[PDB]
Amino acid sequence: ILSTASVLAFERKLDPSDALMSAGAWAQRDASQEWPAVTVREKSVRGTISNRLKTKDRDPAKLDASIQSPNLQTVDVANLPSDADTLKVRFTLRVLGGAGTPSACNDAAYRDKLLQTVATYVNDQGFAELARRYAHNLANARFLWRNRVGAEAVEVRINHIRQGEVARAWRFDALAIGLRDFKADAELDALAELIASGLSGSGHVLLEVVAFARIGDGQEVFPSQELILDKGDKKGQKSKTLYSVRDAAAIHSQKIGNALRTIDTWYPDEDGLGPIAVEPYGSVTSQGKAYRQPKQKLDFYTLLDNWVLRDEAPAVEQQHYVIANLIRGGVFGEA
Amino acid sequence: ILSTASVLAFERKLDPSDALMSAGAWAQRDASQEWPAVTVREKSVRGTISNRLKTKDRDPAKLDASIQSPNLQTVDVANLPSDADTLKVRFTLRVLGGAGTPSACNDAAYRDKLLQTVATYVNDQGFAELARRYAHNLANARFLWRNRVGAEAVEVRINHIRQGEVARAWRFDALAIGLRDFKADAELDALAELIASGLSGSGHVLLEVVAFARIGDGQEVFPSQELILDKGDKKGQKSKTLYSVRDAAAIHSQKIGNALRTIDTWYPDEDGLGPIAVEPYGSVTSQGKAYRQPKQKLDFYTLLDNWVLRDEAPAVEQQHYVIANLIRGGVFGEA
Amino acid sequence: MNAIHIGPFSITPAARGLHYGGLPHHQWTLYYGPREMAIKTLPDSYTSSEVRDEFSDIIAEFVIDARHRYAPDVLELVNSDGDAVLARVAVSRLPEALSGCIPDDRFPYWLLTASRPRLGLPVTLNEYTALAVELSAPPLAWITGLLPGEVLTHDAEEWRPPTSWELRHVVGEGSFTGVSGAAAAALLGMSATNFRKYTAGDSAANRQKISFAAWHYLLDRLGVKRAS
Amino acid sequence: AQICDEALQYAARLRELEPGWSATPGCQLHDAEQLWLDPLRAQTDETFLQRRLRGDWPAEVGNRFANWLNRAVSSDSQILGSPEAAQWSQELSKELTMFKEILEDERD
DNA sequence: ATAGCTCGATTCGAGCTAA
DNA sequence: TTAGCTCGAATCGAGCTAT
């Protein structure tokens, strides 16, 4: 009857590293190899009562008493130097290949059927649309999450590191290439073919991606935020902790991977939001909602079950979504 | 059914940088590019008991014995050089735009209704009065909190930066523009138009803000104060530490932002105090009280709920206050 | 001796013994299906009751952790202020109209989740009564978290009959419901021998697989699913 | 009262340790409470810390323990709004002033 | 959707043992 | 209450039909 496998673990393609933040001045970014790193430091914040009150704390005496005892805490803060207006963020990306092959599979017949399904996809249309959209999210600085919202000029440089050396160099204007449209461009097409060769398994590709953002002198930059155990004293609370590896502000690799993953424009709801990350049940953390609900028969699992088990191939857009979710990887199958 | 969302986080507009202190001589402001920075310095203080006693410590023998052992403390102090009477305080400000769009939300219907409300406001009354008041708080050195309370002359310069170069420069006398009146001036009108273009999303607005205050030769300046974990002894208590980034006395960016938000002249109490910082429940730390109590229905939350849900648009002043609260950002929205 | 079966659990002894002190001993290991839970070295002079009492505490803490892990999510009926809880209902699933909500004064009654980011909608007492009637959770709804989703589905084309081990979660005296096999057969209007044929071990020639209607009516009558 | 009695007992049983454990190196060693934790350091330090402990008479240790108890009490706003927190603070003040009077005459 | 059939496999009840 | 077991009888699924 060819039921689905209980264990369907997949390994991820498109492996990014931690993205390190350094700082410097515009028009000296061609010699940015020795730019000083952005350092996460401590500052003190004093806050008032600015949250909603539950109809019992709205008493004027209680509210004023809460004012007389403000919350004192220290926060991890990352800022550019006062003589530097450009933020440099550098990471390396490795594209593996072999997306349809699971890392663990209970059923051999289901494994073979899934391999035939993915091979039929690649033979019909290869990793060309998906790689083009991944190259688009590389060209624009979407991995530069909050450091791009107010940057005046953003430039992304992507190199192909073959034997430890730049075999091919790309330079992009990350603001001309927006965060909404997946258009066509010759350099975008070349990077798309490179990522396609990586995803197909034709050759080994390693991409060094460097983004420069002209934000301003001494302006705040935004690395990834860590978890606080919340055990110390209230005055030295450490309400905000920033991610660094060796005294250098950094962005988590999975955040970079999530920003590169933002290629899903095929979800049933409208195009007002634009692309979203290719996740099962189309989850967006900021909106707190799930596009591609399982009730709407457009999530990853129902589409994969219809495509593989019972040969109901969906539309080519949903096929792109399914293959991008297999590239994304995850612990599929019933636990 | 349009209920308000449980998360309504907003990102801040008008992002200020940390304001660095350097010192020098008046009439050298045009050559103040390489002024020496004001350095936080260590000094030892010894004082007698001066606090109020609780009627049980008023024993003359015990009071005299306490005076026999006065408290010993070390504190951080910031002073000008002896051959320098002018304080230079420099920071940068980014005006972003897109105030009514939340960064995190649950309900899509609430988000759409709130965006429609903000668009209706911007169409009917654009970012003009708010920008005028922000330009006023930028042209009077209110961000020089205790550094202009007794200065002979305060002079602030505003520059507009596109390519690392000044696009247009503003020269202001911060004592002529008082801390009380939001008047009209042609240079102030031009700066307000620039702030309006920044807040409307029309273009990029980056401003460096340099303020010169003639205080006196070797006088004390007042940077931002940090917190002490108090893990030392009772002789070197370290009862006061001051904020600095790299051996240079500095003011916290949130303090500059609080000084820039002091535009709220519409609170129900009498405005003889003057403008206050825009914030929910109008809670000023200096007086320890809350103008715009939720009981008088003039706080940010009740006005926003009535404007968006019930479509009860408040007075134009109150909606100016609400949009200023959207500009400052917040973590609005309880469970 | 011989293996002790307590519902889904099994205490099997080691084949070879040992001597601790001067007395013979065997290692008794506790299982939950294929998951080994604990091993104890016990004297050969213990009876089955003492061996069972040695693992009773581990079984009890497993039961407590299973009740707290798979407890049904709770909906709360609040007033316009959103502070006072007027009624609490535990539901097997949430209403599909739940969105991010803070109660207003436009409606007197609001139904909200007990989760910290609260989801809800304005509700009348009639609508709240209807939702509580058609969404309530049975008192032993936590046992469904210990069972796979392909035995608890109402879709007959996606349904699989439960195994003997999955039956013993709810049918035995050492099970999580605490009813006997004869009581379970009386609930289904079935002979006790025919129902024992359902929970027969693998070392048996007469084994029967329970049907869709019988299994789901058993779950209804046991208070595990579809009982509100 | 039982918590404060156990605190006094715990200091009394730390009194049987080495006389100079408070002088060991360390970034965090609770120097404010080390005056009360090790009375016996005054014997070896005739002029370093004996006169400081005699003249200072550290009673802020009671304040720190009261802050710890405030951290150890349930954060109920209903009690804080009502007079229940007032009675609790009054009885806490009585127990802490008794405890401070216990620590006052430690130099005898 | 109604209405009904055959045929081999599975279930079912009421005896029974076994503990 | 657990844990099974025959033995004939009724039921079950999946093939076909008919109307």
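Chains as they are written, first to last, in the deposited numbering: chain F, 24 to 358; chain E, 24 to 358; chain J, 1 to 228; chain A, 327 to 434.
Backbone N, C-alpha and C define an ideal beta-carbon position, used for all residues, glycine too.
Verify the CB distance criterion: does residue i have a CB-CB separation below 7 angstroms to chain J?
i: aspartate 130 of chain E; result: yes
i: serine 89 of chain E; result: no
Using a C-beta cutoff of 7 angstroms, does residue i count as contacting chain E?
i: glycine 346 of chain A; result: no
i: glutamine 354 of chain A; result: yes
i: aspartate 240 of chain F; result: yes
Starting from residue i, trace the beta strand (DSSP E) both ways and give me its first and last residue.
i: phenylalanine 33 of chain E; result: 31–33
i: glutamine 96 of chain F; result: 94–102
i: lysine 111 of chain F; result: 109–118
As a quick exercise: from the options, pick the residue whose alpha carbon is nearest that of residue i.
i: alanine 46 of chain E; options: E/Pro59, E/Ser29 and E/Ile350; result: E/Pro59
i: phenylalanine 235 of chain E; options: E/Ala219, E/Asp53, E/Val331 and E/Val118; result: E/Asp53
i: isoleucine 210 of chain J; options: J/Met190, J/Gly223, J/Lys225 and J/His68; result: J/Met190
i: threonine 143 of chain F; options: F/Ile346, F/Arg351 and F/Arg171; result: F/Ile346
i: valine 268 of chain F; options: F/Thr27, F/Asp41 and F/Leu37; result: F/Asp41
i: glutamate 152 of chain E; options: E/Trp289, E/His275 and E/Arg237; result: E/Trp289
i: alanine 349 of chain A; options: A/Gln335, A/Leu375 and A/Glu342; result: A/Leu375
i: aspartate 434 of chain A; options: A/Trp383, A/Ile405 and A/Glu417; result: A/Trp383
i: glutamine 96 of chain F; options: F/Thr115, F/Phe150 and F/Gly70; result: F/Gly70
Find the residues of chain F that neighbour residue i, judging by a C-beta separation of less than 7 angstroms, and give them in chain order.
i: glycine 407 of chain A; result: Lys85
i: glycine 100 of chain J; result: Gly311
With respect to the alpha helix (DSSP H) encompassing residue i, which residues constitute its N-terminal and C-terminal limits?
i: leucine 222 of chain E; result: 209–222
i: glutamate 427 of chain A; result: 410–430
i: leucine 218 of chain J; result: 212–222
i: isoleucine 24 of chain F; result: Counting along the chain, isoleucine 24 of chain F falls outside any alpha helix (DSSP H), and DSSP gives it neither H nor E.
i: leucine 283 of chain E; result: 276–283
Using a cut-off of 7 angstroms between C-beta atoms, extract the partners of residue i located in chain E.
i: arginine 118 of chain J; result: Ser29 and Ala358
i: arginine 113 of chain F; result: Simply none; closest approach about 22 angstroms.
i: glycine 381 of chain A; result: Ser92
Any beta-carbon of chain A closer than 7 angstroms to the one on residue i?
i: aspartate 256 of chain E; result: yes
i: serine 92 of chain E; result: yes
Tell me the DSSP secondary structure of residue i in three-state form.
i: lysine 263 of chain E; result: strand
i: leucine 361 of chain A; result: helix
i: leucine 229 of chain F; result: strand
i: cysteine 128 of chain F; result: strand
i: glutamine 56 of chain E; result: helix
i: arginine 67 of chain J; result: helix
i: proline 13 of chain J; result: strand
i: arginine 203 of chain E; result: coil
i: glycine 172 of chain J; result: coil
i: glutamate 386 of chain A; result: helix
Taking C-beta pairs closer than 9 angstroms, name the residues in chain F that residue i reaches, listed in chain order.
i: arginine 180 of chain E; result: What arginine 180 of chain E touches in chain F: nothing, since even the nearest Cβ is about 15 angstroms away.
i: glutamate 175 of chain E; result: By Cβ distance, chain F contributes nothing, its closest Cβ being about 27 angstroms from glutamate 175 of chain E, past 9 angstroms.
Could you work out which residues of chain J lie near residue i, taking near to mean beta carbons separated by less than 8 angstroms?
i: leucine 332 of chain E; result: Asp104 and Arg106
Using a Cβ cut-off of 9 angstroms, pull out every chain E residue sitting near residue i, in sequence order please.
i: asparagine 102 of chain F; result: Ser40, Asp41, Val268 and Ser276
i: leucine 121 of chain J; result: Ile24 and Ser26
i: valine 68 of chain F; result: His275 and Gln277
If you measure from the beta carbon of residue i to each beta carbon in chain F, is any gap under 7 angstroms?
i: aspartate 53 of chain J; result: no
i: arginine 117 of chain E; result: yes
i: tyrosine 304 of chain E; result: yes
i: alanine 127 of chain E; result: yes
i: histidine 227 of chain E; result: yes
i: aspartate 83 of chain J; result: yes
i: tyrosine 290 of chain E; result: no
i: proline 298 of chain E; result: no
i: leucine 250 of chain E; result: yes
Can you find a heavy atom of the ligand ADP that lies under 6 angstroms from the Cβ of residue i?
i: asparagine 182 of chain F; result: With respect to the ligand ADP, the structure offers nothing, as it holds no ligand at all.
For residue i, go through chain J and note every residue whose CB falls closer than 9 angstroms to its CB, in chain order.
i: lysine 77 of chain F; result: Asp81, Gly82 and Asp83
Name the chain F residues whose beta carbon is nearer than 8 angstroms to that of residue i?
i: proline 95 of chain J; result: Residues of chain F passing the Cβ test: none, with the nearest at roughly 13 angstroms.
i: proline 317 of chain E; result: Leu76, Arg81 and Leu86
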